């Protein structure tokens, strides 16, 4: 096709145009509408993606399962884009319901531009972060954390029901990141886990930071770092990169996590 070629050139906006016009010449084509929905989630236009998902259900009710599932993912992703300011997340951090306040106040300050409280909140959250050693790709590391200062010792998950979860890396027992088997799955990757407070389960993990803006960042084809003001608070853009031990590792090179247990606890 042509849009599938514009997407190879890292051109997200162009790829969308080639699709919107493509459905105008064949509005009764599922594959086109479907491909247009995936590239809509990557762009972040959730309101539109949802609009298209409601239409495809009417036109192709035979694909309700998949369309519905995407609706849930779009909902979770919407709650996350909103959490970047207001409370709309279900974080299983634990009993420290005080930390949950710190996380929400961190974003509330990011928007209120009070970079003095963000600098203070960031340090407090990191101070409370329970360091936990992990086995990453069968290699041992004494500690793991996201480089991003907003996420810190947390991973993100989009549950099946359509809820956005913030889960302490320290609460993870096993984690498996699958390979993408679809366009959208490249940035919203299916994962199999086993974390304290949820047991064995599955969902999707956004593979890119919430602030990603360029088309290369949304596609997860690069990682940039913007410093807040003059503090040591650095947010991310594009593909996530994690600090494992003493090195930096892009999330795309992480297949599995196996927590280092202390025989006596389990």
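Positions refer to the first chain, counted from 1.
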### Task
May I ask you to compare 174-182 and 119-127 by their mean CA B factor in the entry and name the higher one?
119-127
### Message
Regarding 83-91 and 139-147, which shows the higher C-alpha temperature factor on average in the entry?
### Response
83-91
### Query
Whose C-alpha has the highest temperature factor in the PDB entry: 70, 228, 40, 237?
228
### Query
In the PDB entry, which of 76, 166, 187, 111 has its C-alpha at the highest B-factor?
111
### Task
Would you mind ranking residue 249 by its C-alpha B-factor against the rest of the chain and naming the third, lowest, middle or highest?
middle
### Message
Taking only the Cα B-factors deposited for this chain, tell me whether residue 195 sits in the lowest, middle or highest third.
### Response
middle
### Task
Within this chain's modelled residues, let me know which third the CA B factor of residue 52 belongs to: lowest, middle or highest.
middle
### Query
According to the PDB entry, is the CA B factor of residue 205 in the bottom, middle or top third of its chain, that is, lowest, middle or highest?
lowest
### Query
Compared with the other modelled residues in the chain, in which third is the CA B-factor of residue 159?
lowest
